[PDB]
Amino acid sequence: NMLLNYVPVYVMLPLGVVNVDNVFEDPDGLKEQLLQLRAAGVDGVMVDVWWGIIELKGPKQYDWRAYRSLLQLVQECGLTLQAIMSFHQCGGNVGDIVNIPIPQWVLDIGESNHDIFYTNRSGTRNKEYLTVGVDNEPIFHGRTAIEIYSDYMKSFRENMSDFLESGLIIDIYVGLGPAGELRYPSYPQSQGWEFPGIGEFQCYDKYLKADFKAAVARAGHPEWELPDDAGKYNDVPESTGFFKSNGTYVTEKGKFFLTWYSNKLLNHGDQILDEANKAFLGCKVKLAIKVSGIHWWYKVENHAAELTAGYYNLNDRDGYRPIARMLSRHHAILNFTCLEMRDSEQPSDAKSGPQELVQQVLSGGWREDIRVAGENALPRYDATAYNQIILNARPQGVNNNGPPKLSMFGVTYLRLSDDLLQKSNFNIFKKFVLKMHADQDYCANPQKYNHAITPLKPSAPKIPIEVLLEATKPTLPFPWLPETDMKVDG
């Protein structure tokens, strides 16, 4: 039955639906919008549960009231929810139209210890996320950063227990860095970065620097230092000593640094996912993380932007599959945040390959046998964008004999706004939803299309780093159709 080819569609709620004062501002306004989504056949919505808003007053001073009111409304409108444990700041990234800092009390600590923030070679501290360097440092009034995230999720679980039991919350997204993605803040607009700048390494805080020097010493090279020839945010790879042909990134020193730099993210993600598994154990929900889609410079040997962001991906080294393997022990979903783009839409000098990047990442996920989800990176309302998303959702088309051999677990659309609801735009969107659903009407029971959710089980045993890095072995991607068989048209 066609229903087996059905891929659910979710929509992101506006940023700031509950303001920085922890007040659910416009319920009536949101209700009307939500009801229109319900009529269009949308399966559910996604929302940020901001750490900076809930634990503002002080350590363990949680106020969940406004968010309970929001969840209540969403449930009344017949929609499911994907909740993001947003441990990051809203404001310094593309599209951020509102400012939501991390808890003020954490910022107060940062005043007397600036090293809790990601730092670039120039000494600039980024305050949108806590460096991975303090994950296990008990400097936050007795707690470590990971313990803070852990307590936050447990409190969420207990205070929203009634919504979890009623099946409202379907996915639990755990923020792992800037914009909630597992990556370093290598391309900060707030510091002047501009597409397609290569970005900068963000490992200069005293904690990461100390770890690196200890590590190089154990490797027999205590003289080794952090990169000093990688350039600046807006540089191009060829104008740097680190990323040029036969440059530093290809030397033993460079490869050691790059492995070290990227391994820190794998462990950061693995440890926090461990805490997430414990906090939601037994609940009927799935865990998920977000991986950023850095398509610029993907078409040159150095993959500069990817490397500075923490994804050690080269033509001969798969820097994404090991993340997929790490997610398997947690039975988690890998969400790729950039699926609507086409190569021909990028300036030629950016050397972008978003289409090839998507195929690499999704194939790696299916290869490791984990579920893969996604979102569009930029606001799009045209058919060609929707058709590109539909192609990646079922790379080899629909199957009339049963389920597709390959299909994404779901797609979340960015974002809910008045432009989307504009008559003509919404008209196209409704066709998009219909095609994602494979021409079938909205289906309320996820079980009908093999999307039933079982109680979350404890994570499988810890996979050693050496076994994780075995997944760096390059593999051929799965075959992709040139265009989807379920077009929206135009």
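The first residue of the shown sequence is 1; numbering continues from there.
- For the pair 185 to 193 and 327 to 335, the record assigns the higher mean C-alpha temperature factor to 185 to 193.
- Set 423 to 431 against 41 to 49 and average the Cα temperature factors; 423 to 431 ends up higher.
- Residue-level inspection of the entry shows that, of 155, 89, 313, 344, 344 has the top Cα B-factor.
- Ranking 374, 319, 110, 364 by Cα temperature factor from the entry places 110 first.
- For residue 403, the recorded CA temperature factor ranks within the highest third of the chain's modelled residues.
- Compared with the other modelled residues of the chain, the Cα B-factor recorded for residue 136 ranks in the middle third.
- Residue-level temperature factors show residue 228 in the highest third of its chain, judged at the C-alpha atom.
- In this PDB entry, the Cα temperature factor of residue 248 sits in the middle third of its chain's modelled residues.
- Ranked by C-alpha B-factor against the other modelled residues of its chain, residue 65 falls in the lowest third.
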